[PDB]
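To start, the structure itself, in structure tokens.
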Amino acid sequence: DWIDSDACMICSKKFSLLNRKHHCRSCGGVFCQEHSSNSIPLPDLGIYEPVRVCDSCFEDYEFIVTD
Ligand SMILES: [Zn+2]
Ligand SMILES: [Zn+2]
């Protein structure tokens, strides 16, 4: 499920203490803060409080909510 890498999957900037690593709880990828600034619940995983997701997973969720 979760993978790891040394850089953001969207912008390829390398993580460091000044640009920390974060995982998307929906897709398992790694992203910088700028590309994972939103959080959403993941009911299909039994998670009902907002957890961090990447922009792509956030859009997917938002599309379902306002469909
Ligand atoms: Zn990034
Ligand atoms: Zn994601």
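In each ligand, atom 1 is the first atom listed, and ligand 1 is the first ligand listed. Just so you know, residue 1 is the first one in the sequence shown, and it goes up from there.
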*Can you list the residues that meet the side chain to side chain donor-acceptor pair (under 3.5 Å) rule with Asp4, with sequence neighbours excluded?*
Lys21

*To the nearest 10°, how many degrees is the angle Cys57 SG to the Zn ion (ligand 2) to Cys27 SG?*
110°

Check whether any side-chain heavy atom of [X] sits under 4.5 Å from a side-chain heavy atom of [Y], and report yes or no.
X	Y	answer
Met9	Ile3	yes
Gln33	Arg20	no
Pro41	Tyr61	yes
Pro50	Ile40	no

*Which atoms of the protein, restricted to N, O or S, are nearer than 2.8 Å to the Zn ion (ligand 1)?*
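Protein N, O or S atoms closer than 2.8 Å to the Zn ion (ligand 1): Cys8 SG, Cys11 SG, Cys32 SG, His35 ND1.
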
*Group every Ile, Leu, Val, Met, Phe, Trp and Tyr by side-chain heavy-atom contacts under 4.5 Å, then state whether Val65 and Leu42 land in the same group.*
yes

